[PDB]
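S.K.: Here it is, the structure in full.
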Ligand SMILES: CCCCCCCCCCCCC/C=C\[C@H](O)[C@H](N)CO
Ligand SMILES: CCCCCCCCCCCCC/C=C\[C@H](O)[C@H](N)CO
């Protein structure tokens, strides 16, 4: 390197320059004693919101305050305190006579977007990285517990999915499987982080395949292959048909949680899984309304 | 610079790696004593011309030689010894009655390609850098010397060229000019290196203007603006027409000569200035011929 | 409006490289500009006139 | 610095003073073109009105960077933004602003400071340039300069709809010339009595 | 001091005399990928000055009844100059950005704009108006190109989320009373070190007039808006043929 | 040892098992321009791996009655890939080159080729056959593109100079008895530090069969010749629009 453009160059600097840093903060900030002020040139109240930053005025600048020692804890607003609570994420029905799953087996694609209460919580951020904990509660349509043997198999993507109650894929020589009774307490296991990326993403702005994107290939927009973790399969262990109808409910609880890049929370009703679609005719405001702005 | 691709990079190395170097050599190389050899594995005679290099065999390897001390000088084959000899480069005619220059003034564009003897010498290389020395010999068509006053003006490119014997451009307030008689010895001056480039080039493979190169703009191919050094102008100093016809001959001698990139010497007859054109029908061999290869 | 020339340079406006300039300024001096002879007068001495 | 006659359209005796400035006014918002001129100080055109052009007329070769300054002489209540672009040699006259943005340019915002400067850097293959003209010697062109509307010329009620711009040109600290010659124009039509 | 500014990168320059400081998104500057993060083996190319320079896309007119517009990055620059050629010749892409929005008026005009950057801005449909039809937006709406696209329901941001919470994203305001420009600097935002520039869009730029434009009859009625952007720390890898689609 | 060779530059590789060493033209390697030599002020761009890699132009058939061919540099690569895009986007250009010519046959074929590099190879005309007409060659003959052009009078090299003195230029031979490839490395040759890639051609490549091809009937009669080249230490400066002509 001889020319004095390469020596002085900043190309190749891989270190991130951070303007800010994190500080310990176990409790809320205290309030100190302040008195009256009568001066020119110091205006804590006057701000400029066009800059794009929040107001830096404090309690002591605007009014006269007293000394208060704040010991309120901030430990309930962390991510593990907010997300490590189990919620319903799926439901599987195994009826005797019906059209959905009459043959005694069912397949469920692993997804979180099926129910609104957990979907709205998880869609506050763009990227998320966590471990899981799945609990399976099984019973009859009326809630009664009956003697029966069940099998749950986890099928990673690419593995052959069972096609019948007596399929050869139920030998589970490689895939993990669980044998449990309906008289036992609900089964629960642990799940790692399996994404090929560094974090799950709930919003993907793009197409997964190359080539022209026509109108008959529009169902591929927004589909991220890195979130497709496989299939959950269930059957009644036997050769003949079972005697009772069954219902299975799945609850999942996160742990070891990290999150990035917050975004506005959902405003309208949900319509489809993995789709931000909303009802065009009925758009409702975020909150309530009143008759006049000058009254209550 | 942090990534270990920029640190190890060789980009920006402006130093030229030279495989060879120049050595002093004022005289021809000597010859040493050699004797007979009878061995296996040493073959100075066997060569491989497909490599692209010249043979490295010497006198001592092939025959038995004696010790000879060589004192022959190599000082006559240098570039200054080869080029510092004046030769005819132009000629200007100023007749009384005629069609070429009947009004008493003439303009000559500075060029070397007008005469073959110096053109063939200069076109052995591609680039050349030198000073000049111009000598003007003036006389009548029969050689007689007559009393007359002449003026030579050097017109750099962009300056207004005279259009008559009484032009206002002959005030030569800025351009250098020479007033000389025909009874004086020939005038001679010195000329520097004026090219905007670092060397004159006799061959330019390209076009000087941008845009489409059609067939009606084909007279611009090979024209290098960096070689156009101006115009040489001559007139008889007076208001009325002169009494005698005149002829002017220009001789130029190089000094402080440098040259680069030799090329094959010209083989065919010259046809046009600044044009490698040759006669298609009559292509002649480089040398003579004989009836048979097995005889002399 | 001040009446002075602009003080902006090459380095302020665009990204540049290191260039070593060795071009001489000796041809723009007053002696180099004026020490060249030129016609200033002319006198005519005719026989009849 | 000396005044550069970019607007060398008129030639009548009464209209000779109108060559010193060119107008600006409100447009339709498409990014229209205002003016174009060449960047050769020694060539015929706008640069003949400056002292730099007259002085370079005595020298065959030159080398260095140039500088052009534009001053806005409108009212205090007028606003606007402009794009001034320099196109290196080899490129045709830009058809629109999208192609003109690809060269070296500056964006000028009217305000308290009424002037902006555009620097024409030295970009050439040879160390020196000779004087360029149509034909073989157009090998020495320096390029083109164009002025485009960025947003608009906005003015309130009660202020004039048209303003004018004055262009001033000079040279930088690396400018040099050589090979002194005579001026192309001689100011004498006969005998000076 | 904070009002006047100059931005110089490459061979382009921007001067302004009415500014409100520069926002550095998420408190981080653009930078190159480190050896620990990198996964591909081939060395990338860094053309530097030929791709990191300011580009201007188009001019959009602000009316009294405007809704808003949005652009997709880096979809705007995939057809412009050396950056476009490099992006469509290679497979992998990464870079930061610098965004400058310009809009000027007089001292008798009033209005306000919100300029925000939202990563992974997925667009939804109106689902036929009743929520019964599972439609998807056409390719024109998802990636509009360098011409942008106009919002239909700015209140829900055309995606079902409120606009009143868009200030959580890196943003500025253009108040015609105070300033006439907004500058935002964005680092490379993704869960992968490299990605395709023809299949993935990193973020989107939103310009929505919160307070409508107003003026008295006789003043200039044409108030344009112009967008200028410049890549920062661009990297390419995976050389192959040139594909445009 | 000197017979087998491998050439690796960029993402391309060439392997040969019948070679006759590598010629380094004029005993000099390609390098970048120094500060003393440079004249322009703007900093150049050095895309590196995306432009310094091997390119193959076309395949030409060797017959028993062939005359010869010639190519012009860098005119061949002005339409190929990132090098072509950079060359037609910028004004100034400089680089070296590496040339590899391939031609293979059997042990029963015979022939010989001369591969030479001649700087500033200006082409003349036959002047109408009598030397009376001052014509000039068309643009097709001067810059034939990547398809090359066939010589009409190989004895005078189509320029009035003998072929028997072409060995003074950097050259190799392809003798079907000995080897089947020729490699030459050329530095940047010009009287200027930078130059235009669309108006000037630095040199030309000549392939002339001195000894004619021969073989007995029954052997393979198709003997192709292929040209592979790679720029070295490329530099560009003077960014503007993209011009092709
Ligand atoms: C007997 C074992 C049964 C195993 C039950 C399923 C375990 C597999 C869980 C995979 C990881 C869960 C998280 C999945 C990814 C994302 O959350 C969703 N794709 C979002 O739509
Ligand atoms: C009274 C002074 C008269 C001066 C006579 C002419 C002097 C000017 C000489 C210029 C330099 C000579 C060399 C010219 C360049 C190349 O040699 C030719 N263009 C080759 O065609």
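Residue numbers (the authors' numbering), protein chains in the order written: chain A, 2 to 297; chain A', 2 to 297; chain A'', 51 to 99; chain C, 50 to 242; chain B, 10 to 254; chain B', 10 to 254. A prime marks a further copy of an entry chain.
Backbone N, C-alpha and C fix where the C-beta goes; we use that ideal spot for every residue, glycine too.
Could you give the distance in angstroms between the alpha-carbon of residue 208 of chain A' and the alpha-carbon of residue 221 of chain A'?
M.R.: Reading the second chain from its first residue, position 207 is the one you call residue 208 of chain A'. Reading the second chain from its first residue, position 220 is the one you call residue 221 of chain A'. If I take the Cα positions, the gap works out to 6 angstroms.
S.K.: Can you find at least 3 beta carbon pairs, one from the region 174-191 of chain B' and one from the region 65-75 of chain A'', that sit closer than 8 angstroms?
M.R.: Contact fails between the region 174-191 of chain B' and the region 65-75 of chain A'', because fewer than three Cβ pairs, one in each stretch, are under 8 angstroms apart.
S.K.: List the DSSP bridge partners of residue 241 of chain B.
M.R.: Taking the first residue of the fifth chain as 1, we reach residue 241 of chain B at position 232. B/105, per the DSSP bridge assignment.
S.K.: For a cutoff of 8 angstroms on Cβ pairs, would you count residue 50 of chain B' as touching chain A''?
M.R.: Counting from one through the sixth chain, the residue named residue 50 of chain B' turns up at place 41. Interface residue, yes.
S.K.: Between residue 178 of chain C and chain A', is the shortest Cβ-Cβ distance under 8 angstroms, so that the two count as touching?
M.R.: Working through the fourth chain from its first residue, we reach residue 178 of chain C at position 129. It does; some Cβ of chain A' falls within 8 angstroms.
S.K.: Just to check my reading of the structure: residue 255 of chain A' and residue 230 of chain A' have Cβ atoms closer than 8 angstroms, yes? What is that Cβ distance to the nearest angstrom?
M.R.: One-based indexing of the second chain puts residue 255 of chain A' at position 254. One-based indexing of the second chain puts residue 230 of chain A' at position 229. Between residue 230 of chain A' and residue 255 of chain A' the Cβ distance is about 14 angstroms, and since that is not below 8 angstroms, they are no contact.
S.K.: May I ask whether a heavy atom of ligand 2 can be found less than 7 angstroms away from the beta carbon of residue 164 of chain A'?
M.R.: In the second chain, counting from the first residue as 1, residue 164 of chain A' sits at position 163. Residue 164 of chain A' has its CB no nearer than 7 angstroms to any heavy atom of ligand 2.
S.K.: Answer with yes or no whether the minimum CB distance from residue 18 of chain A' to chain A is below 8 angstroms.
M.R.: By one-based count along the second chain, residue 18 of chain A' stands at place 17. With 8 angstroms as the cut-off, residue 18 of chain A' does not count as an interface residue toward chain A.
S.K.: In chain A, which residues lie with their C-beta within 7 angstroms of the C-beta of residue 44 of chain B'?
M.R.: Sequence index remark: in the sixth chain, residue 44 of chain B' carries index 35 (1-based). 4 and 5, listed in chain order.
S.K.: What separation, rounded to the nearest whole angstrom, lies between the Cα atoms of residue 83 of chain A and residue 119 of chain A?
M.R.: Within the first chain, residue 83 of chain A is the residue found at index 82, counting from 1. Within the first chain, residue 119 of chain A is the residue found at index 118, counting from 1. Approximately 11 angstroms between the Cα atoms of the pair.
S.K.: Does any heavy atom of ligand 1 sit closer than 7 angstroms to the C-beta of residue 197 of chain B'?
M.R.: Working through the sixth chain from its first residue, we reach residue 197 of chain B' at position 188. No, Cβ of residue 197 of chain B' sits at least 7 angstroms from all heavy atoms of ligand 1.
S.K.: Tell me the residue span of the beta strand (DSSP E) that contains residue 91 of chain A.
M.R.: Taking the first chain and counting its residues from 1, the one referred to as residue 91 of chain A is at position 90. Unbroken beta strand (DSSP E) run through residue 91 of chain A: 88-95.
S.K.: What residues from chain C crowd round residue 8 of chain A'', counting only those whose CB sits closer than 9 angstroms?
M.R.: Nothing in the structure corresponds to residue 8 of chain A'', since chain A'' is present only between 51 and 99.
S.K.: Considering Cα atoms alone, identify which of B/43, B/86 and B/62 is closest to residue 13 of chain A.
M.R.: Here the question's residue 13 of chain A lines up with position 12 in the first chain. The candidate whose alpha carbon is nearest that of residue 13 of chain A is B/43.
S.K.: Just to confirm before moving on: does the CB-CB distance between residue 2 of chain A' and residue 131 of chain B' stay below 8 angstroms?
M.R.: For the purposes of this step, residue 2 of chain A' is identified with residue 1 of the second chain, where counting begins at 1. For the purposes of this step, residue 131 of chain B' is identified with residue 122 of the sixth chain, where counting begins at 1. It is not a contact, given that the beta carbons lie outside the stated cut-off.
S.K.: Have a look at A/35, A/295, A/133 and A/234 and flag the residue whose alpha-carbon is nearest the alpha-carbon of residue 170 of chain A.
M.R.: Position 169 of the first chain, counted from the start, is the residue given in the question as residue 170 of chain A. Of the candidates A/35, A/295, A/133 and A/234, the one whose C-alpha sits nearest the C-alpha of residue 170 of chain A is A/234.
S.K.: I'd like the list of long-range same chain contacts for residue 193 of chain A, defined as Cβ closer than 7 angstroms, with 5 residues on each side in sequence excluded.
M.R.: Within the first chain, residue 193 of chain A is the residue found at index 192, counting from 1. Contacts found: 132.
S.K.: As a quick exercise: from B'/56, B'/206 and B'/61, pick the residue whose alpha carbon is nearest that of residue 84 of chain B'.
M.R.: Counting from 1 along the sixth chain, the entry for residue 84 of chain B' is found at position 75. Checking every option, the nearest Cα to that of residue 84 of chain B' belongs to B'/206.
S.K.: Determine the DSSP secondary structure at residue 12 of chain B', reduced to helix, strand or coil.
M.R.: Here residue 12 of chain B' refers to the residue found at position 3 when the sixth chain is read from its first residue. Note: residue 12 of chain B' maps to coil in three-state DSSP.
S.K.: Give me the Cα-Cα distance between residue 263 of chain A and residue 28 of chain B, rounded to the nearest whole angstrom.
M.R.: Translated into the one-based positions of the first chain, residue 263 of chain A becomes position 262. Translated into the one-based positions of the fifth chain, residue 28 of chain B becomes position 19. Between residue 263 of chain A and residue 28 of chain B, the C-alpha separation is close to 27 angstroms.
S.K.: Rounded to the nearest angstrom, what separates residue 79 of chain C and residue 93 of chain A at their Cα positions?
M.R.: Taking the fourth chain and counting its residues from 1, the one referred to as residue 79 of chain C is at position 30. Taking the first chain and counting its residues from 1, the one referred to as residue 93 of chain A is at position 92. Those two C-alpha atoms are separated by around 60 angstroms.
S.K.: Would you kindly work out how many angstroms separate the C-alpha atoms of residue 200 of chain C and residue 211 of chain B', rounded to a whole number?
M.R.: By one-based count along the fourth chain, residue 200 of chain C stands at place 151. By one-based count along the sixth chain, residue 211 of chain B' stands at place 202. Cα-Cα distance, rounded: 45 angstroms.
S.K.: Do residue 64 of chain B' and residue 192 of chain B' have their C-beta atoms within less than 8 angstroms of each other?
M.R.: By one-based count along the sixth chain, residue 64 of chain B' stands at place 55. By one-based count along the sixth chain, residue 192 of chain B' stands at place 183. No.
S.K.: Alpha carbon to alpha carbon, what distance is there between residue 52 of chain A and residue 144 of chain C?
M.R.: Taking the first residue of the fourth chain as 1, we reach residue 144 of chain C at position 95. Taking the first residue of the first chain as 1, we reach residue 52 of chain A at position 51. Going from the Cα of residue 144 of chain C to the Cα of residue 52 of chain A covers about 37 angstroms.
S.K.: How many Å lie between residue 147 of chain A' and residue 182 of chain A' at the Cα?
M.R.: Position 146 of the second chain holds residue 147 of chain A'. Position 181 of the second chain holds residue 182 of chain A'. Each residue's alpha carbon lies about 9 angstroms from the other.
S.K.: Let me check understanding here. Comparing Cα to Cα, which of B'/79, B'/80 and B'/97 lies closest to residue 87 of chain B'?
M.R.: Indexing the sixth chain from 1 puts residue 87 of chain B' at position 78. Per the Cα distances, B'/97.
S.K.: For residue 180 of chain A'', go through chain C and note every residue whose CB falls closer than 9 angstroms to its CB, in chain order.
M.R.: There is no way to answer for residue 180 of chain A'', as the model of chain A'' reaches only from 51 to 99.
S.K.: List the residues of chain A' whose Cβ lies closer than 8 angstroms to the Cβ of residue 185 of chain C, in chain order.
M.R.: The residue you call residue 185 of chain C lines up with position 136 of the fourth chain. Chain A' residues near residue 185 of chain C: 209, 210, 221, 224, 226 and 229.
S.K.: Straight-line CA distance for residue 171 of chain B to residue 73 of chain B?
M.R.: To locate residue 171 of chain B, count along the fifth chain from 1; it is residue 162. To locate residue 73 of chain B, count along the fifth chain from 1; it is residue 64. Rounded to the nearest angstrom, the two C-alpha atoms are 22 angstroms apart.
S.K.: Would DSSP call residue 219 of chain A helix, strand or coil?
M.R.: In the first chain, residue 219 of chain A corresponds to position 218, counting from 1. Reduced to three states, the DSSP call for residue 219 of chain A is helix.
S.K.: Alpha carbons only, please: which of B'/225, B'/35, B'/37 and B'/182 is nearest the one belonging to residue 112 of chain B'?
M.R.: What you label residue 112 of chain B' is simply residue 103 of the sixth chain in a count that begins at 1. It is B'/182.
S.K.: With distances taken Cα to Cα, identify the nearest neighbour of residue 286 of chain A among B/199, B/246 and B/169.
M.R.: Residue mapping note: residue 286 of chain A aligns to position 285 of the first chain, counting from 1. That would be B/169, whose Cα lies nearest to the Cα of residue 286 of chain A.
S.K.: Going by C-alpha to C-alpha distance, which of B/14, B/25, B/165 and B/146 sits closest to residue 284 of chain A?
M.R.: Here residue 284 of chain A corresponds to residue number 283 of the first chain, with the count starting at 1. Cα-wise, what sits closest to residue 284 of chain A is B/165.
S.K.: Apart from the five residues on each side of it in sequence, which residues of its chain come closer than 8 angstroms, Cβ to Cβ, to residue 121 of chain B?
M.R.: Counting from 1 along the fifth chain, the entry for residue 121 of chain B is found at position 112. The residues are 182, 183, 184, 185, 218, 219 and 220.
S.K.: Measure the CB-CB distance between residue 68 of chain B and residue 235 of chain B and report whether it falls below 8 angstroms.
M.R.: On the fifth chain, residue 68 of chain B is found 59 positions in, with the first residue counted as 1. On the fifth chain, residue 235 of chain B is found 226 positions in, with the first residue counted as 1. Result yes, Cβ atoms of residue 68 of chain B and residue 235 of chain B sit closer than 8 angstroms.
S.K.: Quick one: Cα of residue 56 of chain B' to Cα of residue 198 of chain A, how far?
M.R.: Translated into the one-based positions of the sixth chain, residue 56 of chain B' becomes position 47. Translated into the one-based positions of the first chain, residue 198 of chain A becomes position 197. Going by the C-alpha atoms only, they are around 30 angstroms apart.
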